[PDB]
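Structure file model-v2.pdb (PDB, C-alpha atoms and all ligand atoms) follows.
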```pdb
ATOM      1  CA  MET R   1      65.870 402.214 230.716
ATOM      2  CA  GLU R   2      62.576 403.209 232.384
ATOM      3  CA  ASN R   3      63.735 402.868 235.998
ATOM      4  CA  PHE R   4      66.564 405.358 235.456
ATOM      5  CA  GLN R   5      66.634 409.094 234.877
ATOM      6  CA  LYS R   6      69.831 410.056 233.108
ATOM      7  CA  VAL R   7      71.237 413.180 234.807
ATOM      8  CA  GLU R   8      74.311 413.644 232.609
ATOM      9  CA  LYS R   9      76.575 412.209 229.967
ATOM     10  CA  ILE R  10      79.762 411.452 231.868
ATOM     11  CA  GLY R  11      81.834 410.190 228.955
ATOM     12  CA  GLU R  12      82.286 407.787 226.086
ATOM     13  CA  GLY R  13      83.871 404.638 227.525
ATOM     14  CA  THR R  14      85.572 401.744 225.741
ATOM     15  CA  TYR R  15      82.158 400.119 225.196
ATOM     16  CA  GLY R  16      79.797 403.041 224.925
ATOM     17  CA  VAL R  17      78.322 405.990 226.694
ATOM     18  CA  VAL R  18      78.563 406.374 230.472
ATOM     19  CA  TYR R  19      75.793 408.284 232.220
ATOM     20  CA  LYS R  20      75.242 409.520 235.717
ATOM     21  CA  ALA R  21      71.666 408.415 236.436
ATOM     22  CA  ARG R  22      69.203 408.092 239.311
ATOM     23  CA  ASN R  23      67.211 404.949 240.039
ATOM     24  CA  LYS R  24      63.550 405.723 240.695
ATOM     25  CA  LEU R  25      62.629 402.777 242.972
ATOM     26  CA  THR R  26      65.716 403.325 245.192
ATOM     27  CA  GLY R  27      66.665 406.961 244.582
ATOM     28  CA  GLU R  28      70.273 405.752 244.207
ATOM     29  CA  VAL R  29      72.688 407.695 242.007
ATOM     30  CA  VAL R  30      74.688 405.360 239.760
ATOM     31  CA  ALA R  31      76.950 405.108 236.721
ATOM     32  CA  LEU R  32      74.978 403.653 233.820
ATOM     33  CA  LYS R  33      77.013 402.073 231.032
ATOM     34  CA  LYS R  34      75.513 401.149 227.644
ATOM     35  CA  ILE R  35      77.536 398.343 226.059
ATOM     36  CA  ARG R  36      78.083 398.790 222.325
ATOM     37  CA  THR R  37      74.573 393.640 217.046
ATOM     38  CA  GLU R  38      73.232 390.044 217.127
ATOM     39  CA  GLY R  39      71.214 390.082 220.414
ATOM     40  CA  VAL R  40      73.938 390.127 223.151
ATOM     41  CA  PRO R  41      76.185 387.011 223.066
ATOM     42  CA  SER R  42      75.263 384.448 225.722
ATOM     43  CA  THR R  43      78.871 383.941 226.905
ATOM     44  CA  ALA R  44      79.314 387.691 227.540
ATOM     45  CA  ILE R  45      76.141 387.591 229.650
ATOM     46  CA  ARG R  46      77.519 384.640 231.649
ATOM     47  CA  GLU R  47      80.931 386.340 232.168
ATOM     48  CA  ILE R  48      79.326 389.553 233.318
ATOM     49  CA  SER R  49      77.131 387.751 235.840
ATOM     50  CA  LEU R  50      80.232 386.192 237.408
ATOM     51  CA  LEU R  51      81.495 389.756 237.884
ATOM     52  CA  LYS R  52      78.461 390.673 239.996
ATOM     53  CA  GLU R  53      79.893 388.396 242.709
ATOM     54  CA  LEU R  54      83.446 389.741 242.503
ATOM     55  CA  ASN R  55      83.003 392.307 245.295
ATOM     56  CA  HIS R  56      85.788 394.196 247.054
ATOM     57  CA  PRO R  57      86.159 397.715 248.554
ATOM     58  CA  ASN R  58      88.748 398.656 245.925
ATOM     59  CA  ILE R  59      86.589 397.518 243.020
ATOM     60  CA  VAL R  60      83.749 399.693 241.730
ATOM     61  CA  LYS R  61      80.613 397.724 242.610
ATOM     62  CA  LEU R  62      78.662 396.250 239.735
ATOM     63  CA  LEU R  63      75.182 397.030 241.079
ATOM     64  CA  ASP R  64      73.091 395.522 238.335
ATOM     65  CA  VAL R  65      73.200 394.092 234.837
ATOM     66  CA  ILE R  66      70.181 394.978 232.741
ATOM     67  CA  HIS R  67      69.731 392.720 229.739
ATOM     68  CA  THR R  68      66.497 394.169 228.363
ATOM     69  CA  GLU R  69      65.121 394.729 224.844
ATOM     70  CA  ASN R  70      68.217 392.923 223.475
ATOM     71  CA  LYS R  71      70.496 395.597 224.921
ATOM     72  CA  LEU R  72      73.034 395.469 227.729
ATOM     73  CA  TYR R  73      73.386 398.084 230.464
ATOM     74  CA  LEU R  74      75.789 397.828 233.377
ATOM     75  CA  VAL R  75      74.882 399.722 236.492
ATOM     76  CA  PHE R  76      77.852 400.596 238.720
ATOM     77  CA  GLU R  77      78.313 402.443 241.987
ATOM     78  CA  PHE R  78      79.000 406.072 241.232
ATOM     79  CA  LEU R  79      82.199 407.883 242.126
ATOM     80  CA  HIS R  80      82.672 411.581 241.503
ATOM     81  CA  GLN R  81      86.264 411.708 240.229
ATOM     82  CA  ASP R  82      88.901 409.678 238.382
ATOM     83  CA  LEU R  83      92.691 409.558 238.777
ATOM     84  CA  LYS R  84      93.320 411.218 235.384
ATOM     85  CA  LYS R  85      91.435 414.367 236.352
ATOM     86  CA  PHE R  86      92.902 414.310 239.864
ATOM     87  CA  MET R  87      96.416 414.104 238.365
ATOM     88  CA  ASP R  88      95.678 417.006 235.989
ATOM     89  CA  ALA R  89      94.203 418.889 238.951
ATOM     90  CA  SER R  90      97.437 418.136 240.906
ATOM     91  CA  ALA R  91      99.960 419.060 238.168
ATOM     92  CA  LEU R  92     101.768 422.047 239.748
ATOM     93  CA  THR R  93     102.280 420.462 243.168
ATOM     94  CA  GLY R  94     102.030 416.743 242.342
ATOM     95  CA  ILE R  95     100.085 414.191 244.370
ATOM     96  CA  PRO R  96     101.813 413.945 247.780
ATOM     97  CA  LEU R  97     103.833 410.721 248.203
ATOM     98  CA  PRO R  98     101.804 409.494 251.199
ATOM     99  CA  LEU R  99      98.690 409.629 248.978
ATOM    100  CA  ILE R 100     100.441 408.020 245.988
ATOM    101  CA  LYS R 101     101.502 405.200 248.281
ATOM    102  CA  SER R 102      97.931 404.804 249.712
ATOM    103  CA  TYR R 103      96.454 404.690 246.244
ATOM    104  CA  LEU R 104      98.990 402.133 244.974
ATOM    105  CA  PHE R 105      98.487 400.015 248.107
ATOM    106  CA  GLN R 106      94.703 399.992 247.733
ATOM    107  CA  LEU R 107      94.962 399.259 243.986
ATOM    108  CA  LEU R 108      97.252 396.308 244.655
ATOM    109  CA  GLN R 109      94.691 395.044 247.225
ATOM    110  CA  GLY R 110      92.073 395.222 244.488
ATOM    111  CA  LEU R 111      94.296 393.434 241.990
ATOM    112  CA  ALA R 112      95.263 390.753 244.522
ATOM    113  CA  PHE R 113      91.589 389.962 245.089
ATOM    114  CA  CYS R 114      90.629 389.796 241.427
ATOM    115  CA  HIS R 115      93.801 387.933 240.510
ATOM    116  CA  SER R 116      93.111 385.407 243.308
ATOM    117  CA  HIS R 117      89.870 384.538 241.399
ATOM    118  CA  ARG R 118      91.722 384.476 238.078
ATOM    119  CA  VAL R 119      90.024 387.616 236.785
ATOM    120  CA  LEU R 120      92.173 390.223 234.998
ATOM    121  CA  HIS R 121      91.398 393.802 234.109
ATOM    122  CA  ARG R 122      93.673 393.931 230.999
ATOM    123  CA  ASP R 123      93.051 397.652 230.357
ATOM    124  CA  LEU R 124      94.129 399.600 233.466
ATOM    125  CA  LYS R 125      94.586 403.332 233.002
ATOM    126  CA  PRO R 126      94.121 406.471 235.109
ATOM    127  CA  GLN R 127      90.618 407.030 233.603
ATOM    128  CA  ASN R 128      89.310 403.793 235.124
ATOM    129  CA  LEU R 129      90.682 404.357 238.616
ATOM    130  CA  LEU R 130      87.972 406.199 240.530
ATOM    131  CA  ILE R 131      88.449 408.121 243.758
ATOM    132  CA  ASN R 132      86.201 409.380 246.581
ATOM    133  CA  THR R 133      86.281 411.958 249.373
ATOM    134  CA  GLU R 134      87.265 409.230 251.879
ATOM    135  CA  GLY R 135      90.721 408.665 250.356
ATOM    136  CA  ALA R 136      89.604 405.489 248.629
ATOM    137  CA  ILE R 137      90.548 404.477 245.078
ATOM    138  CA  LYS R 138      88.737 401.758 243.117
ATOM    139  CA  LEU R 139      89.203 399.856 239.861
ATOM    140  CA  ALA R 140      86.402 400.294 237.310
ATOM    141  CA  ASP R 141      85.595 397.977 234.317
ATOM    142  CA  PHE R 142      87.301 394.939 235.855
ATOM    143  CA  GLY R 143      86.629 391.771 233.832
ATOM    144  CA  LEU R 144      84.939 393.613 230.951
ATOM    145  CA  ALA R 145      87.741 393.145 228.365
ATOM    146  CA  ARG R 146      87.440 389.343 228.515
ATOM    147  CA  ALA R 147      83.621 389.616 228.575
ATOM    148  CA  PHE R 148      83.579 391.843 225.454
ATOM    149  CA  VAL R 149      92.238 403.546 222.946
ATOM    150  CA  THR R 150      95.509 404.171 224.782
ATOM    151  CA  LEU R 151      98.576 401.903 224.497
ATOM    152  CA  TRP R 152     100.366 403.705 227.265
ATOM    153  CA  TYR R 153      99.871 401.077 230.011
ATOM    154  CA  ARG R 154      99.969 397.933 227.903
ATOM    155  CA  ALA R 155     102.390 395.183 228.910
ATOM    156  CA  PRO R 156     105.195 394.161 226.497
ATOM    157  CA  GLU R 157     104.041 390.531 226.246
ATOM    158  CA  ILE R 158     100.759 391.859 224.787
ATOM    159  CA  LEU R 159     102.588 394.195 222.385
ATOM    160  CA  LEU R 160     104.807 391.246 221.386
ATOM    161  CA  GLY R 161     101.748 389.136 220.411
ATOM    162  CA  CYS R 162     101.492 386.763 223.368
ATOM    163  CA  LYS R 163      97.900 385.524 223.197
ATOM    164  CA  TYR R 164      97.813 383.741 226.594
ATOM    165  CA  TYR R 165      98.739 386.539 228.983
ATOM    166  CA  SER R 166      98.516 386.492 232.762
ATOM    167  CA  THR R 167      97.628 388.699 235.729
ATOM    168  CA  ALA R 168     101.124 390.170 235.352
ATOM    169  CA  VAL R 169      99.740 392.463 232.634
ATOM    170  CA  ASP R 170      97.795 394.352 235.283
ATOM    171  CA  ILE R 171     100.891 394.745 237.456
ATOM    172  CA  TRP R 172     102.736 396.296 234.511
ATOM    173  CA  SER R 173      99.951 398.824 233.894
ATOM    174  CA  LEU R 174      99.847 399.801 237.576
ATOM    175  CA  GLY R 175     103.627 400.290 237.607
ATOM    176  CA  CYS R 176     103.193 402.657 234.664
ATOM    177  CA  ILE R 177     100.494 404.539 236.599
ATOM    178  CA  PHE R 178     102.703 404.645 239.701
ATOM    179  CA  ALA R 179     105.610 406.198 237.746
ATOM    180  CA  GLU R 180     103.151 408.696 236.230
ATOM    181  CA  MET R 181     101.788 409.743 239.662
ATOM    182  CA  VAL R 182     105.334 410.310 240.833
ATOM    183  CA  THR R 183     106.775 412.167 237.859
ATOM    184  CA  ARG R 184     103.545 413.877 236.619
ATOM    185  CA  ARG R 185     104.256 412.645 233.097
ATOM    186  CA  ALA R 186     103.192 409.396 231.432
ATOM    187  CA  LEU R 187     106.026 406.790 231.451
ATOM    188  CA  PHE R 188     105.496 405.404 227.931
ATOM    189  CA  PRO R 189     103.123 407.607 225.876
ATOM    190  CA  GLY R 190     103.211 405.564 222.644
ATOM    191  CA  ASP R 191     101.051 406.558 219.722
ATOM    192  CA  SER R 192     101.329 403.293 217.846
ATOM    193  CA  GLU R 193     102.254 399.772 218.909
ATOM    194  CA  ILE R 194     105.798 400.013 217.603
ATOM    195  CA  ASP R 195     106.272 403.440 219.186
ATOM    196  CA  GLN R 196     104.959 401.999 222.502
ATOM    197  CA  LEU R 197     107.291 398.995 222.311
ATOM    198  CA  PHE R 198     110.217 401.183 221.323
ATOM    199  CA  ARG R 199     109.586 403.654 224.119
ATOM    200  CA  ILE R 200     109.590 400.728 226.571
ATOM    201  CA  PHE R 201     112.890 399.444 225.064
ATOM    202  CA  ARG R 202     114.535 402.912 225.214
ATOM    203  CA  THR R 203     114.007 403.061 229.014
ATOM    204  CA  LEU R 204     114.284 399.422 230.206
ATOM    205  CA  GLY R 205     116.613 398.187 227.474
ATOM    206  CA  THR R 206     115.646 396.092 224.479
ATOM    207  CA  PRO R 207     114.829 392.670 225.955
ATOM    208  CA  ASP R 208     116.867 389.609 225.131
ATOM    209  CA  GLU R 209     117.070 385.962 226.117
ATOM    210  CA  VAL R 210     119.081 386.789 229.254
ATOM    211  CA  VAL R 211     116.404 388.971 230.907
ATOM    212  CA  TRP R 212     113.409 387.310 229.223
ATOM    213  CA  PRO R 213     113.750 383.665 228.198
ATOM    214  CA  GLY R 214     111.591 382.889 225.166
ATOM    215  CA  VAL R 215     111.255 386.563 224.161
ATOM    216  CA  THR R 216     112.889 386.099 220.716
ATOM    217  CA  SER R 217     110.350 383.391 219.879
ATOM    218  CA  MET R 218     107.326 385.643 220.539
ATOM    219  CA  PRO R 219     104.953 386.171 217.572
ATOM    220  CA  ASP R 220     105.815 389.838 216.895
ATOM    221  CA  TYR R 221     109.434 389.867 218.012
ATOM    222  CA  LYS R 222     111.917 390.798 215.267
ATOM    223  CA  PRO R 223     115.725 390.206 215.312
ATOM    224  CA  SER R 224     115.810 393.656 213.653
ATOM    225  CA  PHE R 225     114.584 395.600 216.732
ATOM    226  CA  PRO R 226     117.175 398.231 217.682
ATOM    227  CA  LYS R 227     119.138 397.366 220.833
ATOM    228  CA  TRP R 228     118.877 400.164 223.366
ATOM    229  CA  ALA R 229     120.688 400.073 226.704
ATOM    230  CA  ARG R 230     118.698 400.128 229.926
ATOM    231  CA  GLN R 231     118.464 403.443 231.693
ATOM    232  CA  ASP R 232     118.853 403.804 235.435
ATOM    233  CA  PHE R 233     115.606 404.074 237.452
ATOM    234  CA  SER R 234     116.981 407.028 239.373
ATOM    235  CA  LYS R 235     116.818 408.889 236.005
ATOM    236  CA  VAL R 236     113.362 407.560 235.170
ATOM    237  CA  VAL R 237     111.422 408.402 238.382
ATOM    238  CA  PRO R 238     113.163 411.038 240.514
ATOM    239  CA  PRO R 239     112.676 411.804 243.303
ATOM    240  CA  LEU R 240     111.136 408.469 244.234
ATOM    241  CA  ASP R 241     113.059 406.760 247.045
ATOM    242  CA  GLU R 242     114.931 403.472 246.955
ATOM    243  CA  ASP R 243     111.978 401.414 248.237
ATOM    244  CA  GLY R 244     109.586 402.825 245.606
ATOM    245  CA  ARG R 245     112.187 402.402 242.813
ATOM    246  CA  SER R 246     112.889 398.859 243.902
ATOM    247  CA  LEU R 247     109.146 398.063 243.806
ATOM    248  CA  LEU R 248     108.633 399.844 240.477
ATOM    249  CA  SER R 249     111.465 397.842 238.898
ATOM    250  CA  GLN R 250     109.807 394.613 240.015
ATOM    251  CA  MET R 251     106.460 395.781 238.608
ATOM    252  CA  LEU R 252     108.204 396.504 235.307
ATOM    253  CA  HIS R 253     110.136 393.218 234.900
ATOM    254  CA  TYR R 254     110.025 392.127 231.256
ATOM    255  CA  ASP R 255     109.529 388.472 232.077
ATOM    256  CA  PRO R 256     105.896 388.164 233.261
ATOM    257  CA  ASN R 257     106.858 385.171 235.443
ATOM    258  CA  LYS R 258     109.456 387.266 237.186
ATOM    259  CA  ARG R 259     107.221 390.340 237.531
ATOM    260  CA  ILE R 260     106.024 390.893 241.091
ATOM    261  CA  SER R 261     102.534 389.670 242.015
ATOM    262  CA  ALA R 262      99.981 392.020 243.625
ATOM    263  CA  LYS R 263     100.197 389.908 246.795
ATOM    264  CA  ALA R 264     103.998 390.029 246.972
ATOM    265  CA  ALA R 265     103.943 393.763 246.218
ATOM    266  CA  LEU R 266     101.724 394.301 249.259
ATOM    267  CA  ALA R 267     104.549 392.885 251.485
ATOM    268  CA  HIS R 268     107.164 395.215 249.917
ATOM    269  CA  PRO R 269     108.992 397.486 252.406
ATOM    270  CA  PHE R 270     107.739 400.572 250.474
ATOM    271  CA  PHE R 271     104.396 400.066 252.238
ATOM    272  CA  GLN R 272     105.875 399.765 255.762
ATOM    273  CA  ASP R 273     104.688 403.287 256.537
ATOM    274  CA  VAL R 274     101.486 403.415 254.438
ATOM    275  CA  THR R 275      98.623 405.547 255.633
ATOM    276  CA  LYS R 276      95.227 406.570 254.271
ATOM    277  CA  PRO R 277      95.236 410.333 253.676
ATOM    278  CA  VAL R 278      92.143 412.088 252.319
ATOM    279  CA  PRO R 279      92.585 414.034 249.089
ATOM    280  CA  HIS R 280      91.473 417.603 248.538
ATOM    281  CA  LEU R 281      88.770 417.362 245.883
ATOM    282  CA  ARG R 282      86.295 419.836 244.397
ATOM    283  CA  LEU R 283      83.212 418.154 242.976
TER     284      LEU R 283
HETATM  285  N1  LIG R 301      82.542 407.739 235.597
HETATM  286  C1  LIG R 301      82.142 406.764 236.496
HETATM  287  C2  LIG R 301      81.598 407.123 237.785
HETATM  288  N2  LIG R 301      81.260 406.056 238.554
HETATM  289  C3  LIG R 301      81.377 404.748 238.247
HETATM  290  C4  LIG R 301      81.903 404.469 236.991
HETATM  291 CL1  LIG R 301      82.082 402.831 236.555
HETATM  292  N3  LIG R 301      82.281 405.458 236.141
END
```
Rewritten as structure tokens:
Amino acid sequence: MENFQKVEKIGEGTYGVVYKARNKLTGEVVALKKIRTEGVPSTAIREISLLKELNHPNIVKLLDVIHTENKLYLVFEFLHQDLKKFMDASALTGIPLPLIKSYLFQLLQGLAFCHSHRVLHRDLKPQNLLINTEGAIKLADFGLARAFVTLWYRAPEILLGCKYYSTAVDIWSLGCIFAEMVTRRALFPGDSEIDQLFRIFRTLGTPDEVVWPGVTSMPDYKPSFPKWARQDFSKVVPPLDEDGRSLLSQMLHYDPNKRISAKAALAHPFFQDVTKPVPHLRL
């Protein structure tokens, strides 16, 4: 669009290309997202406009929505790095625990806010968690999945065909990201839906009616699933301490009604000693 000078292709997102651009009437540097045709659905336009009001320090600001020439562009605040690259950058040492804790705490604050207004992300992953030089982390693309690819962070209720899923799906994803920050490997790197489900089962045990009432009646559940025994969390995420492991287990409860809420996770003892360190980042 005419008011924006693209400076660089930053990536191919879920919905289209993401550019770093500069606005000419403000001089502001932004992330420009092209979405994707019938002439942009009217409901998607209405959903997106609700998102313009969903403002929080831990949510990447939706600056503008440009519906022009029957195309849709989302203009976001720009951040220089994402958690995926920072994790790759931090592979030999690992992200220090104080920083992991600060990031998780801030992300939960973001989720708690969105969840309080009944907005889910649905597709959390390291690539859409954006970090700055101030030690802040922010959720990008919040609300876009409902308004409009890796399986690694997808909740089991989604994999099992539950169509009416809750905010709990975001808590699952963030637990997976938390484990990954700690161990420097992805928790459940599935490369198909069955492989994702079966990786989850191999670590947390195949779910049954005892841990997850109603599970065997879910659309894609099969009596023929193999029955793996649950592994111990001390084997899954060493050398995370007892507080972190305790929290992680609650974030990874099979039953979405049992799974910890963002708001209850913020009160967890793990965060008793949270701080806000600044990361070392080269831009
Ligand atoms: N890659 C980027 C940078 N800033 C904001 C967004 Cl939404 N994406």
Which centre and which edge lengths, in Å to one decimal, describe the axis-aligned box that holds all listed atoms of ligand LIG 301 (chain R) after 5 Å is added on each side, as JSON?
```
{"center_x": 81.9, "center_y": 405.3, "center_z": 237.1, "size_x": 11.3, "size_y": 14.9, "size_z": 13.0}
```
Students should find that atom CA of residue 124 of chain R and atom CA of residue 168 of chain R are spaced 11.9 Å
For the PyMOL selection byres (((chain R and resi 71-86) around 6) and not hetatm), applied here, can you spell out every residue it catches as a short mmCIF file (atom, residue, chain, number, x, y, z; two decimals) with C-alpha atoms, keeping the file's coordinate frame?
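Dumped everything to selection-v8.cif:
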```cif
data_model
loop_
_atom_site.label_atom_id
_atom_site.label_comp_id
_atom_site.auth_asym_id
_atom_site.auth_seq_id
_atom_site.Cartn_x
_atom_site.Cartn_y
_atom_site.Cartn_z
CA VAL R 30 74.69 405.36 239.76
CA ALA R 31 76.95 405.11 236.72
CA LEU R 32 74.98 403.65 233.82
CA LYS R 33 77.01 402.07 231.03
CA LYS R 34 75.51 401.15 227.64
CA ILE R 35 77.54 398.34 226.06
CA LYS R 61 80.61 397.72 242.61
CA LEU R 62 78.66 396.25 239.74
CA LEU R 63 75.18 397.03 241.08
CA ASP R 64 73.09 395.52 238.34
CA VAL R 65 73.20 394.09 234.84
CA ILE R 66 70.18 394.98 232.74
CA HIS R 67 69.73 392.72 229.74
CA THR R 68 66.50 394.17 228.36
CA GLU R 69 65.12 394.73 224.84
CA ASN R 70 68.22 392.92 223.48
CA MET R 87 96.42 414.10 238.36
CA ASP R 88 95.68 417.01 235.99
CA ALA R 89 94.20 418.89 238.95
CA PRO R 126 94.12 406.47 235.11
CA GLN R 127 90.62 407.03 233.60
CA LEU R 129 90.68 404.36 238.62
CA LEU R 130 87.97 406.20 240.53
CA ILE R 131 88.45 408.12 243.76
#
```
Checklist entry - Got a sec: who's within 9 Å of residue 259 of chain R, counting all atoms listed in the file, leaving out chain neighbours fewer than 5 positions off, as a PyMOL selection string? => result chain R and resi 168+171-172+249-254
Might you spell out which residues the PyMOL selection byres (((chain R and resi 238-243) around 12) and not hetatm) would select in the displayed file, as a count of residues only? 35
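Our summary of the geometry notes that atom CA of residue 49 of chain R is positioned 12.9 Å from atom CA of residue 148 of chain R.
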Inset, instruction - For residue 207 of chain R, please output as a PyMOL selection string all residues within 12 Å (counting all atoms listed in the file; exclusion window: fewer than 6 positions along the same chain). - result: chain R and resi 156-157+160+197-198+200-201+213-218+221-223+225-230+253-255
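Counting from atom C2 of ligand LIG 301 (chain R), the distance to atom CA of residue 175 of chain R is 23.1 Å.
With distances restricted to all atoms listed in the file, R:139 is the closest residue to ligand LIG 301 (chain R) from R:174, R:139, R:211, R:187.
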task: Given the file shown, determine the residues that the PyMOL selection byres (((chain R and resi 167) around 10) and not hetatm) selects; report them as a ChimeraX atom specification.
output: /R:111-112,114-116,118-122,165-166,168-172,256-257,259,261-262
If you keep C-alpha atoms, can you produce a file of those selected residues as a PDB file, keeping the file's coordinate frame?
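What landed in part.pdb:
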```
ATOM      1  CA  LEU R 111      94.296 393.434 241.990  1.00  0.00           C
ATOM      2  CA  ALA R 112      95.263 390.753 244.522  1.00  0.00           C
ATOM      3  CA  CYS R 114      90.629 389.796 241.427  1.00  0.00           C
ATOM      4  CA  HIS R 115      93.801 387.933 240.510  1.00  0.00           C
ATOM      5  CA  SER R 116      93.111 385.407 243.308  1.00  0.00           C
ATOM      6  CA  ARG R 118      91.722 384.476 238.078  1.00  0.00           C
ATOM      7  CA  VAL R 119      90.024 387.616 236.785  1.00  0.00           C
ATOM      8  CA  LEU R 120      92.173 390.223 234.998  1.00  0.00           C
ATOM      9  CA  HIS R 121      91.398 393.802 234.109  1.00  0.00           C
ATOM     10  CA  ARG R 122      93.673 393.931 230.999  1.00  0.00           C
ATOM     11  CA  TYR R 165      98.739 386.539 228.983  1.00  0.00           C
ATOM     12  CA  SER R 166      98.516 386.492 232.762  1.00  0.00           C
ATOM     13  CA  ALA R 168     101.124 390.170 235.352  1.00  0.00           C
ATOM     14  CA  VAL R 169      99.740 392.463 232.634  1.00  0.00           C
ATOM     15  CA  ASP R 170      97.795 394.352 235.283  1.00  0.00           C
ATOM     16  CA  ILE R 171     100.891 394.745 237.456  1.00  0.00           C
ATOM     17  CA  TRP R 172     102.736 396.296 234.511  1.00  0.00           C
ATOM     18  CA  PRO R 256     105.896 388.164 233.261  1.00  0.00           C
ATOM     19  CA  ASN R 257     106.858 385.171 235.443  1.00  0.00           C
ATOM     20  CA  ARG R 259     107.221 390.340 237.531  1.00  0.00           C
ATOM     21  CA  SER R 261     102.534 389.670 242.015  1.00  0.00           C
ATOM     22  CA  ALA R 262      99.981 392.020 243.625  1.00  0.00           C
TER      23      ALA R 262
END
```
Counting all atoms listed in the file, closest pick from R:104, R:149, R:17, R:162 relative to ligand LIG 301 (chain R) is R:17
Of R:186, R:194, R:158, R:140, the one nearest to ligand LIG 301 (chain R) when counting only C-alpha atoms and all ligand atoms is R:140
